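First up is the structure itself, then whatever we jot down about it.
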Amino acid sequence: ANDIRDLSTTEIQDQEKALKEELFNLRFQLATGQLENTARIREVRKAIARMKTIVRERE
RNA sequence: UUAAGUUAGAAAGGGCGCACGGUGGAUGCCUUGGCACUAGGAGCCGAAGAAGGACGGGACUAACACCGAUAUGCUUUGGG
């Protein structure tokens, strides 16, 4: 969370994209019954929310 | 033996009493909820989009509660 604040906005924006790609893949593996560590999904969702919160704070 | 006479007993089923069960949810005890007030506070919300909703959000989610595509939560300050 503080580590996110060390990054630039553009750098944060890139981290979001990466997390959204990850979240999509998790949901895809979950659907095909190949996930196992199902707790990752919640982690990633929160992370994305954290990014978007920091960015909105910047403005 | 015959005759005359007398009287018993009987239960297909039923009645009364008793015993033991079933059904049913009265009664007692209990209280998650109510009822009436007192003292203080507060007496408005809305185009900066209200009241009230609909549909969604969880690993799996039918319902409730919570939340809004940042969705079963995000940041921060304190408490613990």
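Keep in mind that the numbers below use all heavy atoms, side chains included, and drop hydrogens, waters and symmetry copies. Just so we're on the same page: letters track the sequence lines, and every chain starts at 1.
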From CG (A:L23) to NZ (A:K20), nearest 0.5 Å
9.0 Å
Torsion-based syn/anti label for B:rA69, 90° from 0 as limit:
syn
Could you give the distance from CD1 (A:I48) to OG1 (A:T53), rounded to the nearest 0.5 Å?
11.5 Å
Canonical Watson-Crick or G-U pair B:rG57-B:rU77, 3.5 Å limit on both distances:
no
Quick one: label A:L30 by what it contacts on the DNA or RNA (base, sugar-phosphate, nothing), any heavy atom closer than 4.0 Å.
sugar-phosphate
Integer angstrom distance from the P of B:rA11 to that of B:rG5:
28 Å
Tell me if B:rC45 and B:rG24 are paired here, counting Watson-Crick or G-U wobble when both donor-acceptor distances sit under 3.5 Å.
no
Determine, for nucleotides 73-80 of chain B in 5'-to-3' order, which nucleotides have protein heavy atoms under 4.0 Å from the base (write B), from only the sugar-phosphate (write S), or from neither (write -).
SBSS----
Atom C1', compared across B:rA51 and B:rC35: separation rounded to whole Å
29 Å
Euclidean distance for P, B:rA4 against B:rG14 (whole angstrom):
40 Å
Does CD in A:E36 sit with more than 12 non-hydrogen atoms of other residues, nucleotides or ligands closer than 6.0 Å?
no
Less than 4.5 Å apart, side chain to side chain, heavy atoms only: is that true for A:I54 and A:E57?
yes
Stacking status for step B:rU27-B:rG28 (5.5 Å, 30° cutoffs):
yes
Mind checking if B:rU38 and B:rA39 stack, meaning centres of the six-membered rings less than 5.5 Å apart and planes less than 30° off?
yes
Could you grab the distance from atom CD1 of A:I4 to atom CD of A:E16, nearest 0.5 Å is fine?
9.0 Å
Taking every heavy atom of A:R50 against every heavy atom of A:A1, the minimum-distance pair comes out as CD-CB, 3.8 Å
Rounded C1' spacing from B:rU61 to B:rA71 in Å
15 Å
Supply the atom-to-atom distance A:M51 CE to A:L7 CG, rounded to the nearest 0.5 angstrom.
7.0 Å
May I ask you to classify the sugar pucker of B:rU23 as north or south from its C1'-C2'-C3'-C4' sign?
north
Would you indicate whether the side-chain heavy atoms of A:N37 and A:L26 approach each other to under 4.5 Å?
no
Separation between the P atoms of B:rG58 and B:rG73, rounded to whole Å:
11 Å
Centres of the six-membered rings under 5.5 angstrom apart and planes under 30 degrees: does that hold for B:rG41 and B:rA42?
yes
For B:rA47, is chi within 90° of 0 (syn) or not (anti)?
syn
Nucleic acid contacts - residues 9-22 of chain A versus RNA chain B, non-hydrogen atoms under 4.0 Å:
none
